[PDB]
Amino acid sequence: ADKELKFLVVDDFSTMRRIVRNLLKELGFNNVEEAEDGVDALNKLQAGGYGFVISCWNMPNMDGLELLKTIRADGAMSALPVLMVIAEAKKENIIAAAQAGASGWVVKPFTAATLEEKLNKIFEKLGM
């Protein structure tokens, strides 16, 4: 939709959340809040108002795969766009994420150019 759309960036590595927040800012997305894990993420999401989730796969307590499922199973937000950030281009991971209904996915480290594209393609699908 509009670059006002609220993003939730979830990762337990503060440095990486700052990176994605920076890349998003660079792309014009200034509505960004962070979450430090799947549970924190879910607490914030149920509080309603978010339009996009960018999440790490390898996270303690509740990984991004678990977080994505919960999201997709939640009638209130089952259609929420979710971009999965993965540490490697592993086929296992990529498929198990597309399966759980990931809107898209990227391999860290990534650039603004790649993030921009991924985000565009996704906004295309969901006609946003």
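Just count from 1 along the sequence shown to find any residue number.
The deposited model assigns a higher average Cα B-factor to 91 to 99 than to the other stretch when 91 to 99 and 63 to 71 are compared. When 3 to 11 is weighed against 119 to 127, 119 to 127 comes out higher, by mean CA B-factor as recorded in the entry. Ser78 sits in the middle third of its chain by CA B factor, as recorded in the PDB entry. In this PDB entry, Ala47 carries a Cα temperature factor that places it within the highest third of its chain's modelled residues.
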